[PDB]
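Pasting an experimental structure, sequence included:
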Amino acid sequence: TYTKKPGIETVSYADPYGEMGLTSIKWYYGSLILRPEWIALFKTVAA
Amino acid sequence: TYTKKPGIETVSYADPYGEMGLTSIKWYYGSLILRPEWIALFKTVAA
Amino acid sequence: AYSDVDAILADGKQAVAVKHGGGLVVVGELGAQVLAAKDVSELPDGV
Amino acid sequence: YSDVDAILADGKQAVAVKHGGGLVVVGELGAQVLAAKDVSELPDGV
Amino acid sequence: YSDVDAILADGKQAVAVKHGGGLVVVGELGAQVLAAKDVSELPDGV
């Protein structure tokens, strides 16, 4: 989580008044299927 | 020399996730040949 | 003709922050389409 | 264009936008039309 | 152009490209073509 409150910390040339503030959330993937044979799936149609 | 290491410090509207890095070197150079008659140069061809 | 920044956003035009000289440039989506063209085939219908 | 790298891979260049959301992409034809003083200097396709 | 000072000396404006990387120069006639909702508001030349 990266958060930049609107103020002097976020002025730059773009916003020389510092009226903007951002947020970010970064993560990664996973799901190393150790034994695919154990995982079982059935398909069907609903009503 | 300046260095904007990736992370929170490089968080902005351009990269809200803050993944870029930066490093710059700046300097001033100048020279003046007071006595060009003292500077001597010979030209030749090599083997 | 846009008096305030909100006018550009309310009208739907985009506004790119400007470095060096000048203060701001306003993006029209046709200009964006014109901007995003590799070959004369990819230009919009206008040009 | 799905992801950002597709812009770079295709040779397109993309700028960041402050006033309002968006990411405008620039092309090589988009370059010279942008850099135009008057009617003289634009690509012949224009 | 050789150096960025020549951009402003000519009167052309230059913007900063961050998402991909580079620097594109915007001219006056380029500004008009950039701000166009439809065919009517391009400059007369185009």
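Great, that's in hand. Numbering: from 1, shown residues only, chains lettered A, B, ... in the order given.

the strands in the chain, which residues?
Using chain A here. Using DSSP state E, the strands of chain A run over A:2-4, A:22-24.

was after chain C, sorry
Taking DSSP E, the strands of chain C run over residues C:14-17, C:24-27.

which residue does chain A bring closest to chain D?
As assessed by CB to the nearest CB, chain D sits closest to residue A:14 within chain A, at 4.0 Å. Placement of C-beta: from N, CA and C, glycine included.

That residue and residue B:13 touch, don't they?
Yes: between residue A:14 and residue B:13 there is a contact at 6.4 Å, judged by CB atoms under 8 Å.

Between these two, which contacts overlap?
Residues within reach of residue A:14 and of residue B:13 at once, by CB atoms under 8 Å, 6 or more residues apart in numbering or on different chains, are residue D:18.

Quick one: the helices in chain C, in order.
All helices of chain C, identified by DSSP state H, fall at C:5-11, C:29-35.

What is the neighbour count of residue C:7?
13 (other CB atoms under 10 Å in any protein chain shown).

for residue C:34, that is, sorry about that
26.

My read is that it contacts residue C:43, right?
Yes: under the criterion of CB under 8 Å, residue C:34 makes contact with residue C:43 at 6.4 Å.

Could you measure from the residue lying farthest from the centre of chain C over to residue A:25?
Of all residues in chain C, residue C:41 has its C-alpha farthest from the mean position, at 20.2 Å, by CA atoms, centre = their mean. For residue C:41, the distance to residue A:25 equals 40 Å [CB to CB, to the nearest Å].

same check, this time on residue C:14
Between residue C:14 and residue A:25 the computed distance is 25 Å (CB to CB).

Looking at these two, which one has more neighbours?
Higher neighbour count among residue C:14 and residue A:25: residue C:14, with 23 against 9, using other CB under 10 Å.

May I have the beta-bridge partners of that one?
Beta-bridge partners for residue C:14, by DSSP bridges, are residue C:27.

Just the closest residue of chain A to chain E, please.
Residue nearest to chain E within chain A: residue A:13 (8.4 Å; CB to the nearest CB).

how close does that residue sit to residue B:12?
11 Å.

Tell me which of these two has more neighbours.
Per other CB under 10 Å, whichever of residue A:13 and residue B:12 has more neighbours is residue B:12, with 19 against 12.

so who does the more buried one touch?
So residue B:12 contacts A:4, A:10, A:12, A:14, A:22, B:18 (CB under 8 Å, 6+ apart).

Setting aside sequence neighbours, what's the nearest residue to residue C:30?
Leaving aside its sequence neighbours, residue C:30 sits nearest to residue E:36 (CB to CB, 6 or more residues apart in numbering or on different chains; 4.3 Å).

quick one on the thing from earlier: most packed of the helices of chain C?
Highest mean neighbour count of these: helix C:29-35, a mean of 22 (counted as mean count of other CB atoms under 10 Å in any protein chain shown).
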